[PDB]
Structures are given as C-alpha cells and as structure tokens.
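Don't worry about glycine lacking a Cβ; one is built from the backbone with ideal geometry, like all the others, and counts go over all protein chains shown. What follows draws every value from the coordinates through simple rules; no lab data is involved.
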Amino acid sequence: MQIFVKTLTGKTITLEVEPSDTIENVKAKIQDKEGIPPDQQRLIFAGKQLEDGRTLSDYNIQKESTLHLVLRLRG
Amino acid sequence: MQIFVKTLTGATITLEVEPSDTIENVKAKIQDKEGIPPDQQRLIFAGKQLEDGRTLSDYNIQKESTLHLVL
Amino acid sequence: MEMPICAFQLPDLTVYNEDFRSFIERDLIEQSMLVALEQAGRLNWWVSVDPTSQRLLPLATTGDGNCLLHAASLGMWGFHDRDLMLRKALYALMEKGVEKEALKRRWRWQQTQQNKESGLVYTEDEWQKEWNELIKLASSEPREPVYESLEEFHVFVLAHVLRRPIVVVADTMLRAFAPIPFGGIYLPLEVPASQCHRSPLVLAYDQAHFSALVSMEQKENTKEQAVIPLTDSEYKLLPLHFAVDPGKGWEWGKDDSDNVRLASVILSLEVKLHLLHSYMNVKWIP
C-alpha cells in the first residue's frame, strides 16, 4: 500500500509498504530514500512512538495513513 | 582534489589531497582524523593496496574516489 | 543596530598536553565543513558586518565516534587518551553526577515540549527507556575502536564536564527535510558561573560531525582572542539548549498540560540575556 511519512518541516514522503512490514523495515525504507540511519529515526502514529519489533499490523493502518517522523541526530 | 576514506564501522573521512600526494601524506592526514599511526594503516583502492613511496596518481585515484582503511 | 558577541580564547590545555599549541598549528582544516557552513551563511557571516573580527575555521573532524569530545582537545593528541576520558566523564556525570537529577529535569521538560510538535506523548516507561538510551550512547562499548555518536543533550552534559560554555555553529535545517538541533548555546547551568571557564568552547556541526572553531591567528598562535556572535545572521538570539528547569515541584502529568504553568517557566529575553552574561563575556557591538 501507500503511506506518508511527514516530518517537522512539512516534507511529505510517499513510501511503498505492506502490512507484513515492521517499523524496522519502514525505517530501512526511509534510510534508502533519505539516508537517515534507522536508530536516528522515531516513527510516530496517532500520538504513539512505534516500536521496531512490532509490525504495521500491530497498529492501525490504511491506504492514506500518515506517519510522523522525528529524528534524533547524532554527531 | 577531494577523496573519501571508509572504515568498517566508523564515520566516512573526507580528505583534501592532490594527485601528486604520496601515500605517507595521506596516512599523515588519516592519522589526524582517525588516530591510527601510519605504519598500522593499510589502505585499499579498487583492490589495490596503496604502498608507501608511491602517489595517488600511480593507482589512478580520481576526484571523489574512495579509499578503504583497515588495520 | 547592535548585536551581542563573545570574545573567546582557546582553552589552556597545558596540563593535558604541554605541546597542545603545536598540535593546533599542525592540525588540518576541515575544508568540507568550512565551505558547507559558509555557503549556508552560518559561518563567518559576521566578518562583513563586524570589522575587527577574524574568520573562524573548523579543525579536523574525526570518524571514530568521538568527534565531539575530540573537539575539546583541539589536536591529534586527544585520540588515544583524552577523547575516551571525556566520554567516560560524560557517562559518569549522567549516571552518578551530583547534578544529574536537575540535568534530567532540563532534558525531559524540553523533550516534552518538542514532543507536542509531533503529537507525541511519552508514557512513564518510555521516558525511562529514552533516558537509558542516552546514557548508553555515552558508553565506551565499541562498534580500530568505534564508539556510538552523541546527541544534542550530550553536548549540554559536556558543557558541565568541561565546566565551560559551548557555542555550536550549525545549519538549522537538514538538506528542508528535518530540523538540525545542535546549533545554539550550551551553558553549564548546574555549575556556578564563578566556578566555570569564562571563555566558551566554539564548535561547528555539519553532516554528523563536530569540529572546533578557531581563527587563523589562534591557530598559528599569534593572537589569543577571537569573536563569536551570540545571534544568527538575521540577528535573532541563538537557542539556549536545556536552559529551562521546571523544578522539583513540577508535576509532569498536570503541569505540562497547563498553559499557565508553562508560561511561568518559559524564559523571557531578559532572563536569557542574564544567563548569557553570567557564563560569558557578552559585548554589544554596533
């Protein structure tokens, strides 16, 4: 399906995805598209910080579900 | 000229060099940014091991080329 | 028509390495970072508008995970002793420090505030998990030993370890994909200003790397003092990282939702300027 990863700047990222995928896989997809390491990514949906272990099936999802992306940049 | 030095788990090192630079000159730069003494440095480019006494041009290191650092 | 600046000198690192000054002159310049931050208008914008102010150049950054700590040594000599010592001190201050209780309040309050921007609301367990993660990053567990890279709050703790202010020059946005949180001013607020170094440690951040900022004359050891402005190019005051401390009487659940309570702890401009003038020599120039 198609989901949207929204950042604090307002940039919308259209990502290919499936309910079988987990948050770890989504962060891996973001890394392939934005170059941001998964450990420096925090995916938030509906006000909850998603866990890497749990899948997209664990939480709710749709063909228009928008996720929030927060970064923990490291130097 | 700008080149890169990658390691197995460390950050990517960016160096400003010249084609006429010797390997000792590069190792002295890597030592400044990695803390590894030159004699303990093994540099690899395109499967070639960069030996002291030679230059980057002898291995045809181009602009934006990437060396691989290993102990 | 006047901006606040700070006349700083390089740290006296004699007791750690008596030939440290020589390592500064010997050191490379991070040309990649210099060009990036200059063309972004974050670095050396002040030279044109403020005469009698030298250009700041970034020293060589590292790639072993201790680039932040390495910047406090301003030389090659840090690599196999000090950089790891400072990292260990960083870890210790977070785990068994005497001001760790207050440092945690400053961290959580700011994190709670920034969490609103995404609609994020941490559970009490998630707060415990995030704090443990910060300390884990400051550990000396490897994976040529490579150490974990450090976050924004670790810079704030470093200011307490060095007992000196830290001014970071960096971009505000990531090439605009996401905000860059490192730029701004870090004050050792849990340490009495009288017991702190007056001159701040001026750093630069670019592409997940930290570097010390020095003037040309400070590198060749021909002049001790240089200038760092406490505002951006648009003359807006730099962010004060983790400056707000809500206090022990701050109930995290209720008070965070209370707008009146938040207003009572949110710092004004007058308070911000007082804090800056307490830990730094702030000179106003036309």
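What is the fewest-to-most order of C:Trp284, C:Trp77 by other Cβ atoms lying within 10 Å of their Cβ? Please list the in-between numbers first.
Numbers: C:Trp284 9, C:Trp77 20.
Starting with the residue having the fewest Cβ neighbours, the order is C:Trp284, C:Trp77.
Could you derive backbone 3J(HN,Hα) for region C:153-164 from the dihedral phi with the Karplus parameters 6.51, -1.76 and 1.60 (θ = phi - 60°), listing whole Hz in sequence and x where the residue is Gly or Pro?
5, 5, 5, 5, 6, 4, 4, 7, 5, 7, 6, 8
For region C:185-286, state which trypsin sites (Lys or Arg not before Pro) are in a DSSP loop and have at most 15 other beta carbons lying within 10 Å of their beta carbon.
On the way: sites: C:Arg198, C:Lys219, C:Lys223, C:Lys236, C:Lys248, C:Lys254, C:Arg261, C:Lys272, C:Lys283; in loops: C:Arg198, C:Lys223, C:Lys236, C:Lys248.
When the trypsin sites (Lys or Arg not before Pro) of region C:185-286 are filtered for loop state and at most 15 Cβ neighbours within 10 Å, C:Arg198, C:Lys223, C:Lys236, C:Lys248 remain.
For the protein assembly as shown, what is the Kirkwood estimate of the hydrodynamic radius, computed as the reciprocal of the mean inverse distance between distinct Cα atoms, to one decimal in Å? Before the final figure, lay out each step's value.
On the way: mean 1/r = 0.0430 Å⁻¹.
Roughly 23.3 Å, rounded to one decimal.
Tell me the Kirkwood hydrodynamic radius of chain C in angstroms, computed as one over the mean inverse distance between distinct C-alpha pairs.
Working: mean 1/r = 0.0507 Å⁻¹.
About 19.7 Å, per the Kirkwood formula over Cα pairs.
Going through chain A, which trypsin sites (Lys or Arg not before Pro) have at most 11 other Cβ atoms within 10 Å and a DSSP loop state? Mind dumping the intermediate values first?
Details: sites: A:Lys6, A:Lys11, A:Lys27, A:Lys29, A:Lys33, A:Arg42, A:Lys48, A:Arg54, A:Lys63, A:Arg72, A:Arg74; in loops: A:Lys11, A:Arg54, A:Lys63, A:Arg72, A:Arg74.
Here the trypsin sites (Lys or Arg not before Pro) that fit, given the DSSP loop and packing criteria, are A:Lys63.
Can you give the Kirkwood hydrodynamic radius of chain B from its Cα pairs, in Å with one decimal?
About 11.8 Å, per the Kirkwood formula over Cα pairs.
Where in region A:30-75 are there GluC sites (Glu not before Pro) that are in a DSSP coil and have at most 14 other Cβ atoms within 10 angstrom of their Cβ? Intermediate results must be reported in sequence, preceding the final value.
Details: sites: A:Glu34, A:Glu51, A:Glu64; in loops: A:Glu51, A:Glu64.
The qualifying sites are A:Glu51, A:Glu64.
If each residue's Cβ is checked for other Cβ atoms within 10 Å, how do C:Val168, A:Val5 rank with the fewest at the top?
Ascending Cβ contact count within 10 Å gives the list A:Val5, C:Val168.
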